[PDB]
Amino acid sequence: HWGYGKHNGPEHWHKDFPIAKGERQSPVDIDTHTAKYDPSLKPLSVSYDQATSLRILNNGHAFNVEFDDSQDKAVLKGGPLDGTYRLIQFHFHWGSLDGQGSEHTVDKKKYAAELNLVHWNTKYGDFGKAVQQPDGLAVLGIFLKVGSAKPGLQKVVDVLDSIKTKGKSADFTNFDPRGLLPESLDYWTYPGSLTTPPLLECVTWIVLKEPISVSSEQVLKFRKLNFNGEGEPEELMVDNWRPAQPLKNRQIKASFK
Ligand SMILES: [Zn+2]
């Protein structure tokens, strides 16, 4: 089974998932100087006031906070998107040290972590069908840098002890994802893919320009999770990020100049 270790890491994925070498793989490095400001890009529309979180789960490679997506409760639209996208879950990628952890990079600069809010296009009926379409998913990428604590992230940090190992989950209701958004919604957008197998090229990436700050103590808590299941040898869950992939035939657009 794939992972992030020396023998089953990103460089090995192509053997079981040939699309790892495809034309629109993520993440990528965002070169702020060659990104084209596109005046036709609309402002993002994030509607999370009716969001219903259900639970948090350690899936062996990250932890996902899942939401009820049976109705248009938490949606994303506008920006470079056509149609409505429902939020299904959010997760993070982090490093063993503060100088690494993000998947996307800005001018080769790596951040301590990266938050991804995953949404699927309602036109397709369910998440499973959406991943098979070129415009099936819309993922919001938000960078985390170490500085002052992020109040809204604390409820997530405090629950991590109960989902230490792979397979564990915990009820996680009434969490408001609006507390994780930076103040500005300026962004870069490009056509890409899922960053973990099956690596399907069904994602319209929306990476926010402005990072959020989290405390050293907060990021430290992420590093206490385990890739392993209970009772097995302990492998700390750190560096669960895939390196930048070649841009190829793609243009990165910016909503700001
Ligand atoms: Zn991710």
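Residues numbered from 1 in each chain as written, not as in the entry; some residues may be left out. Heavy atoms only, no water.

Labelled according to the PDB entry, the protein appears under the name CARBONIC ANHYDRASE II, originating from Homo sapiens. Per UniProt, the protein carries the Subunit (literature references left out) text "Interacts with SLC4A4. Interaction with SLC4A7 regulates SLC4A7 transporter activity. Interacts with SLC26A6 isoform 4 (via C-terminus cytoplasmic domain)." Quoted verbatim from the Sequence similarities field of the UniProt record, the comment on the protein reads "Belongs to the alpha-carbonic anhydrase family." (UniProt positions renumbered as here; feature names shortened; annotations may be inferred.)

Draft legend 1. Seen up close, the overall build of the protein. Scanning the protein for helices and strands turns up three helices and 15 strands. Relative to the globule expectation of 18 Å for 257 residues, the C-alpha radius of gyration of the protein, 17 Å, shows essentially globular dimensions. Dimensions of the protein along its principal axes, counting C-alpha atoms only, are 55 × 40 × 40 Å. Sorting the 257 residues of the protein into buried and exposed places 51% on the buried side. Put simply, of all contacts in the protein between residues at least 6 apart along the chain, 70% involve residues at least 24 apart. Positive and negative side-chain charges in the protein, numbering 31 and 32 respectively, have mean positions lying 3 Å apart. (Helix = DSSP H or I, 4+ residues; strand = E, 2+ residues; numbered from the N terminus. Rg over C-alpha atoms; globule rule 2.2 N^0.38 Å. Buried < 20%, exposed > 50% of the residue type's maximum accessible area, 1.4 Å probe, protein only. Contact = heavy atoms within 4.5 Å. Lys, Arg positive; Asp, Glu negative; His and termini not counted. Charge placed at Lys NZ, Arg CZ, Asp CG, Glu CD.)

Draft legend 2. The arrangement of the coordination of the zinc ion in detail. Each protein donor to the zinc ion is listed here as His-91 (NE2), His-93 (NE2) and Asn-116 (OD1); together their distances run 2.0 to 2.3 Å. Judged by its relative accessible area of 12%, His-91 falls in the buried class. In this structure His-93 comes out as buried when scored by relative accessible area, which is 3%. (Donors = N, O, S within 2.8 Å, 3.2 Å for Na, K, Ca; no water.)

Draft legend 3. Representation of the nonpolar core within the structure. Counting 49 residues, the largest nonpolar core has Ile-56, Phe-63, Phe-90 and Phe-92 as its most contacted members. Examining the composition of this core, we find that five residues originate from one element, strand β7 (residues 85-94), more than from any other. Ignoring anything within four residues of it in the chain, the contact list for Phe-90 reads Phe-63, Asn-64, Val-65, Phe-67, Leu-115, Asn-116, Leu-117, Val-156, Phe-175 and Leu-180. Of all hydrophobic cores here, the second largest spans 23 residues; its members include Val-28, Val-106, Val-139 and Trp-205. (Core = buried A, V, L, I, M, F, W, Y, C linked by side-chain atoms within 4.5 Å.)

Draft legend 4. Region of interest: the side chain of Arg-86. Its location among the elements puts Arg-86 in strand β7. At 3.5 Å, the side chain of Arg-86 and the backbone oxygen of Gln-71 are in polar contact. A polar contact is formed between the side chain of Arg-86 and the side chain of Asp-72, at a distance of 2.8 Å. With near-sequence residues (within four places) excluded, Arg-86 lies in contact with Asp-69, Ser-70, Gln-71, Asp-72, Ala-74, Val-75, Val-118, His-119, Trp-120 and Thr-122. (Polar contact = N/O pair within 3.5 Å; in protein donor to acceptor, adjacent residues only side chain to side chain.)

Draft legend 5. View of the pattern of salt bridges. Taken as a whole, this structure holds eleven salt bridges when the rule is applied. Where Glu-66 meets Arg-55, a salt bridge forms, and the shortest distance between an N and an O atom there is 2.8 Å. Remark: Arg-55 occurs in strand β4 (residues 53-58) and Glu-66 occurs in strand β5 (residues 63-67); sequence separation between them is eleven residues. The salt bridge partner of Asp-68 is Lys-73, with a shortest N-O separation of 3.2 Å. (Salt bridge = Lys/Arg side-chain N within 4 Å of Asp/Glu carboxyl O.)

Draft legend 6. Main features of the pairing of strand β13 (residues 203-208). Most of β13 sits out of view: six of its six residues are buried. Burial along β13 is two-sided: the face carrying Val-203, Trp-205 and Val-207 and the face carrying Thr-204, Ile-206 and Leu-208 are both buried. Pairing of strand β10 (residues 137-146) with β13 involves five bridges; the strand directions are parallel. Counterpart to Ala-138 in the pairing with β13 is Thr-204. (Pairing = 2+ DSSP bridges.)

Draft legend 7. Summary view of the side chain of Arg-24. Position of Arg-24 relative to the elements: it lies in the segment before β1 (29-30). For the buried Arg-24, no salt bridge is present, and the opposite-charge side chain at shortest range is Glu-201, 5.3 Å distant. Only 3.0 Å separates the side chain of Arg-24 from the backbone oxygen of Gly-192, close enough to count as a polar contact. At 3.0 Å, the side chain of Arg-24 forms a polar contact with the backbone oxygen of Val-203.

Draft legend 8. A look at the packing of aromatic side chains. Tallied over the full model, the rule gives 15 aromatic pairs. With centroids separated by 5.7 Å and ring planes inclined at 40°, the aromatic side chains of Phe-63 and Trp-94 adopt a geometry described as tilted. Taken together, the residues span a long stretch of sequence, with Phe-63 in strand β5 and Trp-94 in strand β7 at a distance of 31 residues. Each ring, one from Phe-90 and one from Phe-92, has its centre 6.1 Å from the other, and the planes form 90°; the classification is edge-to-face. Across this residue pair, the class does not change: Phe-90 and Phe-92 are buried. Taken together through their ring pairs, the aromatic side chains of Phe-63, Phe-67, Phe-90, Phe-92, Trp-94, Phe-172, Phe-175 and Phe-222 make up a single cluster. The ring centre of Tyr-111 lies 4.4 Å from the NZ or CZ of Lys-109, which sits over that ring. Against the face of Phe-256 rests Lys-209, its NZ or CZ located 5.5 Å from the ring centre. (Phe/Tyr/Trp six-rings, centres within 6.5 Å; stacked < 30°, edge-to-face > 60°. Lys NZ or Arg CZ within 6 Å of the ring centre and 35° of its normal.)

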